[PDB]
Amino acid sequence: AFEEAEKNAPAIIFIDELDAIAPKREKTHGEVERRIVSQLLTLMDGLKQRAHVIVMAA
Amino acid sequence: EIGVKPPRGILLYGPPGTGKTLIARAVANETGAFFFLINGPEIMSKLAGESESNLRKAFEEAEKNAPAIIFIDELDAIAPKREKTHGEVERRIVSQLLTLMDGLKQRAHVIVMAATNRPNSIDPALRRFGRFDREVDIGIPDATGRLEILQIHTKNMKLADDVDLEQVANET
Amino acid sequence: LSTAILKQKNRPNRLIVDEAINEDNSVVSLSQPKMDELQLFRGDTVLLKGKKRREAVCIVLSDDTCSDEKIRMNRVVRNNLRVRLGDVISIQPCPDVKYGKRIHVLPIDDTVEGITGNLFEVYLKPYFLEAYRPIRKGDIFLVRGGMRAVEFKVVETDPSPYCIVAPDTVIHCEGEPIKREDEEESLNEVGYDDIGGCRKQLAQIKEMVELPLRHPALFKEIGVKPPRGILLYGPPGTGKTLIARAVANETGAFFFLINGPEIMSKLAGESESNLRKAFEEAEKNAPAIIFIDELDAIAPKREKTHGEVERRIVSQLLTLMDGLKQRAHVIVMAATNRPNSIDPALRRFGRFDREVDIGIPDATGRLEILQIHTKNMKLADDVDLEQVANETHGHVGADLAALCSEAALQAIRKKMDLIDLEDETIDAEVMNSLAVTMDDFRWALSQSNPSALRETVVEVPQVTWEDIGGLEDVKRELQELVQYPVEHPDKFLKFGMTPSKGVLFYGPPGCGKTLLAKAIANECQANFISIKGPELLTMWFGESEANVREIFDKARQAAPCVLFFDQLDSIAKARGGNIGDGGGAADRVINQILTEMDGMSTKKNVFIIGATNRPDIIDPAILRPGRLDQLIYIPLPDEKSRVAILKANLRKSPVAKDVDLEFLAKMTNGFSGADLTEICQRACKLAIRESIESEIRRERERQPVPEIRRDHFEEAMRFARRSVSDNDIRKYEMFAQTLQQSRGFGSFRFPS
Amino acid sequence: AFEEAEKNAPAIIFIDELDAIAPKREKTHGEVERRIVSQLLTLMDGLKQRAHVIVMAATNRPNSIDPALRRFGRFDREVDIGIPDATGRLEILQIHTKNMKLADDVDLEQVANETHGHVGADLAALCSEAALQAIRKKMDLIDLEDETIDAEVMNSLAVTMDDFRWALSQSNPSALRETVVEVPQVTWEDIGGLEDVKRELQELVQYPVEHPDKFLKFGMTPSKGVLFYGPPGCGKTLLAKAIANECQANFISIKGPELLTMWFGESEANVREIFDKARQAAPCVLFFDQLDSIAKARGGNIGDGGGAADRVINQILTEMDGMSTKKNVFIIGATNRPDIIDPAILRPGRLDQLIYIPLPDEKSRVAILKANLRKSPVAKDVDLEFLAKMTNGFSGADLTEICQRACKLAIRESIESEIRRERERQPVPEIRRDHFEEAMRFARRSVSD
Ligand SMILES: Nc1ncnc2c1ncn2[C@@H]1O[C@H](COP(=O)(O)OP(=O)(O)OP(=O)(O)O)[C@@H](O)[C@H]1O
Ligand SMILES: Nc1ncnc2c1ncn2[C@@H]1O[C@H](COP(=O)(O)OP(=O)(O)OP(=O)(O)O)[C@@H](O)[C@H]1O
Ligand SMILES: Nc1ncnc2c1ncn2[C@@H]1O[C@H](COP(=O)(O)OP(=O)(O)OP(=O)(O)O)[C@@H](O)[C@H]1O
Ligand SMILES: Nc1ncnc2c1ncn2[C@@H]1O[C@H](COP(=O)(O)OP(=O)(O)OP(=O)(O)O)[C@@H](O)[C@H]1O
Ligand SMILES: [Mg+2]
Ligand SMILES: [Mg+2]
Ligand SMILES: [Mg+2]
């Protein structure tokens, strides 16, 4: 999703229900959710890249 | 001359924002060695054998371009304790890391670096000597260190004369 | 008997390596009576065995200066044989040695640099002119001459592998120069000598992977087939992979290395195909050894495994290891930190019949490991490796390598002033001044801490026995508790009684229990694990007891280890008194603690100390001797102890001489240690307040308090309160009197 | 495979590790595995059309096999290759020792009687280890680095009964490789007093295994369950250690909460596995130290928690009921809190015999003091009878603590004497009466009235 949005560099990403996808890595027993939180952190770190892509989460 | 091998494993740990990834980027830019960067979740795959193969490919690429520095960001996501992990894939990934860093074949010139917010969630076999030799705590800076951070982050901006960065360092 | 396979027994061939006065690369010298014993004449070609499957050939010459029990050889022959001074090698006559038709030699890359002249013409042709020197494949020989002497690798011999370099033999230096790094990696190759400790384990391994190959006639005559499956298990860093490398380097059998995760493949049946290919490769190559590192990666229990691929891989390994088509003389070795995670069907005699515990070494074992790891290091004369071996209580061998590396790194740090990071190269004077002293090893010891305890590391506030005032008897008991079983086990064996290893501090708040724990953590010569009571408890079912089991296992591995519980009554409370507490989670934690502390397992030097602020609620089985043997009562300090506490608090504090601590201790009746510390802190705060007001006054005039004074202490005292009320002392004295009256005899005297 | 079997008929198709390719299709998450199970079903159904092909399969997880494969017309016959008895173990030993060079003193009958839980691979391991010990005894005469061996060394080489006894000392069933624990060498003479308990335990262990015919003749089934209850430190775990070291029965010792697992269904599976591997090693003793953790009163904590402990205790009750008398699996439970043991556990047929390990009396205290000081150098004037008299309410642990405190006082005296001698340059042959006198004032009674 991040790659596709960055392709269309004037892009806005909207992550609806961010609470479900991104819980606390330590608090949640599920390893899938801690991994997805870490991947989202990595994507946000490189998100800017001096690109028009912006991300809004609800 | 001194007859030892210099330590080959660095584990940076600390709360978020201390600059572990920043230090990794600084090392990547300012060292004269091949740099390979690994993100924890990006290794994960559904198919059995893909993730261990990705780790093997990264370590082989580092070995070919030796001396090299491998940085594994978000080590906690990729390497949980095998006793407390149910999934076979994660346990096999941790075993592949253990073998790659310290196995019957040892890495000659590759430096393996990692960063994690929670070092105690790492499998204790990784925190052994031969694999992650030293653990470096990137902690909360003091007043002078955070004044240095403010100076670093304010160097590009144009600042008025009234700006007093030592006061801001004291207050934060 | 178990280690009987390790002795050399001093056969006539056995000889001690010694330095060579004038012996060239291709000759060695012995004592004349030694030749007469071996029936060797001067000039006879001889064959010398070495370590890690190496052989060399030399010309034996008579040297009167050579010792009777020693053989003189230069550095070249030593490096060819991978031996050092003092090593024992066997010399035997070599029959049917003939002049070599042709030899191909490959020079080392670093030596040939800076030599414009032809390598053959400048060095090989005069060196091998009428040389009559015996050589073998794989040897390094150095030839002097030119600007830099040149090392040649004899890669090809005709006839192989032994040949005499006659003048008619053609010598050619063409070819890719040999890398210095490759020969260096060949030199620093791991053999059975690089494993320290694990003497019985190494004996068993050599019995199983070396003896059947070296002397198969024994097993053929005695009519049995030797064991063919070895599972090396142990905590991380104990040397399982090291033993695997040693076996790989020091066996003539073909060696196949399997790493667990490498087997896996995404395709259907491709992992089973990889396993079959590995076993077919081993079978094709006659005697072969298969080593599977990280066995738990690809051999989980089939009953506990959900994926079908993993179960099929376990079944494939089961069939390959012991199936209808039997193994054709193949030794299978495996290493794992989790032997109980392996499939139970793999652990039987047919497949993995011998399980070898590479455990935590003792003092002598870790001394041996330190000697092995420092054999290459440059050491000063001041270094005492026995002291370092005694200091490192819970180290496994990887921790000792870490300690040696830290010492070397500190030694390099001490030279960072003379050394420049930026400059191209380091001065030779600095390199000659570089050495590892005992101070570097002391620093490494200070930083050293067993890796298994890395998770259970807490920053302790550096308390000394002097920081505690009073409690002299308690200090002596604690020091003796931690020191006697560790430093004098022979005394306990002589008196035939195991030591007591349990102490419970009970008393009013603020009287010095946690201070005693800090003093133990900083002063006692043992590992220390600090446990807050409820941190072990977990929401999940069976995980709180798992945490208890894990922490006790960590204390067992790092023995001698001190296991301190800051609030015991939280983790240790009487059973049956909780309506909720999960599904009896607290009671199950109590029972797990009871089993871990005194059960059917063998007892180790694990000193378990608990501090409780109210001991009447702790389970009575916890206080049973053999668990918390001594119940030490830490009461409110008396006047002497109050003087000691006040002096200890103000020892580092600049205090005016007018302050009479005896009068303070006399007045403060019923005060605890925290009360007196608060009095001193309040005096310090008042002094700081006065100094700040004085500084404000000087600042006002621009636009004092050198030490804490008597009036500061008086104003601090007017705020003082007695934290522990009389009823609290009544309760603690009630518990203490129950304990004392339990015995029933104030004075016990034997009848005369 | 099936077509090639038909081409060359009569044919036998052996499928080793049948559970590898034939799991239950409902539990399978792979399409290819389910298709393989269906193909096996189809081929075994069509086996009737095939003239003389016979399919024999081997598996050590028969319950994991797809149930449809065990129906009529396909794998309809099942052969249980069970654990051999004493005579069967003798036959296996005779088979494995036929090629070895046994000495005359060897007695395979004794070796057959000792190996209570061995299955045949264990007996082969035992023979291999005995021969390896025999080879070890010659490692003094032959060095490993030697190139060749004298023929006389081979001629002298032979396996003797001492080698087999060493092997038996090292030998253990392969099944009990995960439950094995290091147990201290506790002996019946290490325990002081408890003579009636010792005799009762020895009889309860030996009589059912040695003479079941008398119990069948009188029609009474031997008791297969014992609970130990008493004050802490009175000798329950010590008795368990003595049983493990002395009795010729396989011993499984498990900690209380060892079986519990957070994952749903795993604790019941752990109970099933422990009881099954107890049956496989019969005659076996299954000891439950701190039983009240494993078995607590149902409904007392039902509301608080998920209810997994109730499932665990129900599974335990099912396993206690499921055992036939023919399997000699003695179950011993130990607890110092019998009041919180589940009442169902003590019902007839499960943990029948309830034994009260009491606070020792004066004669038992003399026995305990002698047993503790048996290996210790104690002065003659030290009167143990008076120590037993004065320690009225003391338990065995209390007396052991008194002796340990006296030992530590003696060690302190010796250490200080050595320090003093080193100081003067730059003792304590045994424990004395003053040491015990000093140790007694620190002594306390651990168990209250
Ligand atoms: N010590 C520091 N000195 C200067 N700038 C810093 C420092 N720490 C953080 N920053 C600034 O804040 C940003 C965030 O830091 P960074 O992403 O490295 O944090 P982190 O918590 O170590 O990372 P991650 O959790 O992704 O490993 C940096 O890119 C930099 O701009
Ligand atoms: N007994 C020993 N003697 C000498 N060196 C040792 C010993 N044990 C470990 N080492 C050294 O310490 C390190 C331990 O690494 P090694 O791979 O041998 O450990 P391991 O027991 O296989 O660990 P893991 O369980 O994590 O695989 C190596 O550098 C090895 O040389
Ligand atoms: N004997 C002592 N000598 C010096 N300071 C003492 C002494 N006893 C207590 N203190 C002081 O008490 C404070 C800490 O007390 P500590 O943590 O040892 O108490 P505690 O007995 O463990 O209490 P609690 O029951 O509340 O956990 C420190 O300020 C320390 O200086
Ligand atoms: N009859 C006895 N003879 C010799 N020593 C004994 C005797 N009874 C107890 N002891 C010793 O006293 C201590 C009691 O420990 P033991 O394991 O026997 O206790 P337990 O009855 O299982 O109690 P707990 O309920 O506390 O687990 C041990 O050190 C043991 O050696
Ligand atoms: Mg390893
Ligand atoms: Mg405290
Ligand atoms: Mg007990």
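Conventions used here
- Residues numbered from 1 in each chain as written, not as in the entry; some residues may be left out.
- Chains lettered and ligands numbered in written order.
- Part of a larger assembly, values for the part shown.
- Heavy atoms only, no water.
- Residues with missing side-chain atoms left out of burial classes, pairs and counts.
- UniProt positions renumbered as here; feature names shortened; annotations may be inferred.
- Helix = DSSP H or I, 4+ residues; strand = E, 2+ residues; numbered from the N terminus.
- Rg over C-alpha atoms; globule rule 2.2 N^0.38 Å.
- Contact = heavy atoms within 4.5 Å.
- Nonpolar A, V, L, I, M, F, W, Y, C, P; charged D, E, K, R; others polar.
- Core = buried A, V, L, I, M, F, W, Y, C linked by side-chain atoms within 4.5 Å.
- Buried < 20%, exposed > 50% of the residue type's maximum accessible area, 1.4 Å probe, protein only.
- Near = heavy atom within 4 Å.
- Polar contact = N/O pair within 3.5 Å; in protein donor to acceptor, adjacent residues only side chain to side chain.
- Areas by Shrake-Rupley, 256 points an atom, 1.4 Å probe, with all protein chains shown as cover.
- Domains from an automatic or database assignment.
- Axes fitted to C-alpha atoms, helices over the stretch in contact; angles between N-to-C directions.
- Parallel < 35°, antiparallel > 145°, perpendicular 65-115°, else oblique.
- Left-handed = near helix turned anticlockwise from the far one by under 90°.
- Patch = residues over 30% accessible without salt bridge, like charges linked within 9 Å, V, L, I, M, F, W, Y side chains within 5 Å.
- Salt bridge = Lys/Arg side-chain N within 4 Å of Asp/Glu carboxyl O.
- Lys, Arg positive; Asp, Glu negative; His and termini not counted.
- Charge placed at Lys NZ, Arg CZ, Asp CG, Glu CD.
- Expected span 1.5 Å × (residues − 1).
- Pairing = 2+ DSSP bridges.
- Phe/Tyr/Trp six-rings, centres within 6.5 Å; stacked < 30°, edge-to-face > 60°.
- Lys NZ or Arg CZ within 6 Å of the ring centre and 35° of its normal.

Chain C goes by Transitional endoplasmic reticulum ATPase in the PDB entry, where it is assigned to Homo sapiens. For chain C, the Sequence similarities comment in UniProt is given as "Belongs to the AAA ATPase family."

Under the PDB entry, chain B has the name Transitional endoplasmic reticulum ATPase and belongs to Homo sapiens.

Draft legend 1. Looking closely at the overall build of chain C. When its secondary structure is counted, chain C shows 29 helices and 22 strands. Taken over C-alpha atoms, the radius of gyration comes to 35 Å for chain C, far larger than the 27 Å a tight globule of 752 residues would show. Overall size of chain C, expressed as C-alpha extent along the three principal axes, is 110 × 75 × 70 Å.

Draft legend 2. Main features of the interface of chain C and chain D. Listed per partner, the contact involves 107 residues of chain C and 116 residues of chain D. At ten residues, the largest contribution of residues to the side of chain C that touches chain D is made by helix α24 (residues 581–597) of chain C. The residue inventory of the side of chain C that touches chain D, partitioned by class, reads 37 nonpolar, 28 polar and 42 charged.

Draft legend 3. Highlighting the nonpolar core. Ranked by size, the top nonpolar core spans 36 residues in total, and within it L211, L218 and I222 of chain C together with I135, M139, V159 and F164 of chain D carry the most contacts. Breaking this core down by element, the ones donating at least two residues are α8 (216–221) of chain C together with α4 (86–96), α5 (108–114), α6 (121–136), α7 (151–156) and α8 (161–170) of chain D. The greatest single-element share of this core, amounting to eight residues, is contributed by α6 of chain D.

Draft legend 4. Main features of the site of ligand 2. Close contacts around ligand 2 come from 20 residues, with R131 of chain B together with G196, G239, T241 and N337 of chain C the closest. With respect to ligand 2, the chains having nearby residues are chains B and C. Between ligand 2 and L242 of chain C, the relevant distance is 3.1 Å, taken from an oxygen atom to a main-chain nitrogen or oxygen of the residue. Bound to the protein, ligand 2 loses 94% of the 630 Å² it would expose on its own. Here the shell around ligand 2 gets four residues from one element, more than from any other, and that element is helix α9 (residues 240–249) of chain C. Classifying every residue of the shell around ligand 2 by side-chain character gives five nonpolar, eight polar and seven charged. Of the domains in this structure, domain 2 (199–357) and domain 3 (363–453) of chain C are the two that each give at least three residues to the shell around ligand 2.

Draft legend 5. The arrangement of the packing of helix α25 (residues 639–649) of chain C against helix α27 (residues 673–702) of chain C in detail. Residue and element names in this part refer to chain C. Their axes nearest at 10 Å, the elements α25 and α27 cross at an angle of 45°. The angle between the axes of α25 and α27 places the two elements in the oblique class. Classified by chirality, the crossing of α27 by α25 is right-handed. On α27, the residues that touch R642, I645, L646 and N649 of α25 are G673, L676, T677 and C680.

Draft legend 6. View of a negative patch on the surface. Residues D638, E639, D660 and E662 of chain C make up a contiguous surface patch of negative charge. Given a relative accessible area of 39%, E662 of chain C falls into the partly exposed group.

Draft legend 7. Examining the UniProt feature "binding site: ATP 2" in chain C more closely. All names here are of chain C. The residues that UniProt annotates with the feature "binding site: ATP 2" are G510, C511, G512, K513, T514 and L515. With respect to the secondary-structure elements, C511 resides in the loop between β18 (502–506) and α21 (513–523). Classification of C511 as buried rests on a relative accessible area of 9%. Here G512 shows up in the loop between β18 and α21.

Draft legend 8. Structural view of the environment of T42 of chain A. Within the secondary structure, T42 of chain A sits in helix α3 (residues 31–45). Beyond its immediate chain neighbours, meaning those up to four positions away, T42 of chain A contacts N39 and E74 of chain B.

Draft legend 9. Region of the structure containing helix α9 (residues 195–210) of chain D. Residue and element names in this part refer to chain D. Between its first and last C-alpha atoms α9 spans 22 Å; for 16 residues at 1.5 Å apiece the expected length is 22 Å, and the two agree. Within α9, the full set of buried residues consists of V197, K198, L201, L204, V205 and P208. Lining the buried residues of α9 we find α10 (212–218), β3 (225–229), α11 (236–246), β6 (329–335) and β7 (353–356).

Draft legend 10. Layout of the UniProt feature "binding site: ATP 1" in chain C. In the UniProt entry, the feature "binding site: ATP 1" is given for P236, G237, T238, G239, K240, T241, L242, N337 and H373 of chain C. A maximum C-alpha distance of 23.2 Å shows the annotated residues, which cover 138 residues in sequence, to be distributed over more than one spot. Note that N337 of chain C resides in the loop between β16 (330–336) and β17 (354–357). In this view, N337 of chain C contacts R82 and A125 of chain B together with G234, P235, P236, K240 and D296 of chain C; residues no more than four positions away in its chain are not counted. At 3.4 Å, the side chain of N337 of chain C and the backbone oxygen of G234 of chain C are in polar contact. Classification of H373 of chain C by relative accessible area gives partly exposed; the value is 33%. Ignoring sequence-local partners within four residues, the contact set of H373 of chain C consists of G397, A401 and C404 of chain C.

Draft legend 11. Summary view of the site of ligand 3. Residues and elements named next belong to chain C. Contacts to ligand 3 come from 17 residues, most closely from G469, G510, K513, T514 and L515. Measuring from an oxygen atom of ligand 3, one finds a side-chain N or O atom of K513 at 3.0 Å. For ligand 3, whose accessible area on its own is 640 Å², the fraction buried by protein is 79%. When contributions to the shell around ligand 3 are tallied by element, the ones reaching two or more residues are α21, α25 and α27. Here the residues of the shell around ligand 3 are counted per class, giving six nonpolar, nine polar and two charged. Two domains each put at least three residues into the shell around ligand 3: domain 4 (465–633) and domain 5 (639–728).

Draft legend 12. Geometry of the environment of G746 of chain C. Residue and element names in this part refer to chain C. Within the secondary structure, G746 is located in the segment after α29 (726–743). Taking the relative accessible area as the measure of exposure, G746 reaches 80% and is therefore exposed. Along the primary structure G746 and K731 are separated by 15 residues, whereas in three dimensions their C-alpha atoms are 21 Å apart.

Draft legend 13. Main features of the sheet that holds strand β21 (residues 606–612) of chain C. Residue and element names in this part refer to chain C. Pairing in this open sheet of five strands is parallel, and the strands run β19-β20-β21-β18-β22 from one edge to the other. Looking along the sheet, the strands with just one partner apiece sit at the ends: β19 (527–531) and β22 (630–633). Geometrically, the sheet is characterised by an average inter-axis angle of 20° between neighbouring strands, direction not taken into account. Across five bridges, β18 lies against β21 in parallel orientation. Bridge pairing in β21 places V503 opposite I609.

Draft legend 14. The arrangement of a positive patch on the surface in detail. A surface patch of positive charge is lined by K494 of chain C together with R420, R421 and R423 of chain D. The element that contributes the greatest number of residues to the positive patch is helix α17 (residues 396–425) of chain D, accounting for three residues. Topologically, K494 of chain C is positioned in helix α20 (residues 489–495).

Draft legend 15. Examining the packing of α6 of chain D against α8 of chain D more closely. All names here are of chain D. Running from amino to carboxyl end, α6 crosses α8 at an angle of 125°, the nearest separation of the two axes being 8 Å. Relative to α8, the element α6 is oriented oblique. The two elements α6 and α8 cross, and the hand of that crossing is right-handed. Together, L126, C127, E129, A130, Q133, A134 and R136 of α6 and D163, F164, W166, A167 and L168 of α8 make up the contact between the two elements. Considering only residue class, the contact of α6 with α8 consists of eight nonpolar, one polar and three charged.

Draft legend 16. Local environment of the sheet that holds strand β5 (residues 284–288) of chain D. Residues and elements named next belong to chain D. Read from one edge of the open sheet, five strands run β4-β5-β6-β3-β7, paired in parallel fashion. What marks the edges here is a single partner per strand, and that holds for β4 (250–254) and β7. Strand after strand, the sheet turns through a mean of 20° between neighbouring axes, direction not considered. Bridge count between β4 and β5: five bridges; the pairing is parallel. Along β5, the bridge assignment pairs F251 with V285.

Draft legend 17. Spatial organisation of the pattern of salt bridges. Residue and element names in this part refer to chain C. Under the counting rule described, the total for this entry stands at 100 salt bridges over all chains. For the salt bridge of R722 with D726, the shortest nitrogen-to-oxygen distance reads 2.4 Å. For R722, a relative accessible area of 35% translates into the label partly exposed.

Draft legend 18. Representation of the packing of aromatic side chains. Per the stated rule, a full pass over the model turns up 17 aromatic pairs over all chains. Each ring, one from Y229 of chain D and one from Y356 of chain D, has its centre 5.3 Å from the other, and the planes form 25°; the classification is stacked. Of this pair, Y229 of chain D sits in strand β3 while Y356 of chain D is found in strand β7, placing the two residues 127 residues apart along the sequence. Its relative accessible area of 27% is what places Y229 of chain D among the partly exposed residues. Taken together, the ring pairs in this structure connect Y127, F128, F141 and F152 of chain C into an aromatic cluster. One residue, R682 of chain C, lies across the ring of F719 of chain C, its end atom 4.5 Å from the ring centre. When the ring centre of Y732 of chain C is taken as origin, the NZ or CZ atom of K731 of chain C, which lies over that ring, is 3.7 Å away.

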